[PDB]
Structures are given as structure tokens and as C-alpha cells.
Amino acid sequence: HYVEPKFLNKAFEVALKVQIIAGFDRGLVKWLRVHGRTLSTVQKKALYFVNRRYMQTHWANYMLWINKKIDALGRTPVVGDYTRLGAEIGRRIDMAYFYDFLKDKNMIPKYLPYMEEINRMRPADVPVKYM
């Protein structure tokens, strides 16, 4: 009974997703200090979804960057390495530039059921694709 290996250990994947989404969300909260009163509830929820979809579509590039670093470790990788790298991604990407773009150009997505489903997931469970 064969089993397919995950392409990244579940605990490492979870640490990345939790830290990335937490960091993107924190910057959204700060941006909403100024812009929350000029956006509807469904626009704000759509921006939370934007954070998750952004992670999903950039995941392959993140895996290249993460693996380049991990490959260069002269020791066994551990979960804390992934917490750290995920926190770096989640904090360094200044997502406010993108929120400003969407708001200014009237491209905040219409909030749909699929987006609500993604938003209601635990960050640990947001689907990512390796292949």
C-alpha cells in the first residue's frame, strides 16, 4: 500500500502558511485603521481573501526561495526554520501597496462563496499546490 510523500512536511507547510497569513493580515489591519471606514464589510472580507489567494499564487516562488535557503543549511532542517522564513515573507511583503492598487482601481474582488470558504479555513488548512 504505497503512500505519496508530501512535497514539504505538513508541519513545515503549516508553519509557513500560518506565519505568512498572520503577517499579511496584520498589515491589512494596520491599513484598515485608515481605510476601513471607506470600505464595506464585503470589501474588507474580500481583502482578507486577497491575502490568502496571494499566498496561494506565490507559493511556487516561495518554495523556490525557501528551498534555496534550506538546501544550503549544513544541518537537519527543523520547524523553526520554516516559522522564521514564513514570518519573513509575512512581514516583509508590504501588502498595503497592493490594497491601495485594488481600492484605487476598483478591483477589490466581489465577495463570493468560494472566498468565504477560503477565509473561514484555518490558515493551516488553506490549500497550496506544489506541482
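The term rigid core refers to the most C-alpha atoms you can superpose between the two forms while keeping them within 1.5 Å. From 1 onward, residues are counted along the sequence shown.
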Point to revise | in 7 other deposited structures of this protein, rigid core aligned: more displaced of 41 to 49 and 68 to 76 by C-alpha RMS | key: 68 to 76
Study note, to complete from the structure: Judged by RMS Cα deviation after a rigid core fit in 7 other deposited structures of this protein, the more variable of 103 to 111 and 20 to 28 is 103 to 111
Exercise for review: Return whichever of 16 to 24 and 106 to 114 has the greater mean Cα B factor according to the PDB record.
Suggested key: 106 to 114
Check your understanding: Looking only at CA atoms, which has the higher mean B factor in the entry: 92 to 100 or 75 to 83?
Key -> 75 to 83
Point to revise | B-factor third for the C-alpha atom of residue 30 within its chain | key: lowest
Check your understanding: Which third of the chain holds residue 61 when residues are ordered by C-alpha B factor: lowest, middle or highest?
Key -> middle
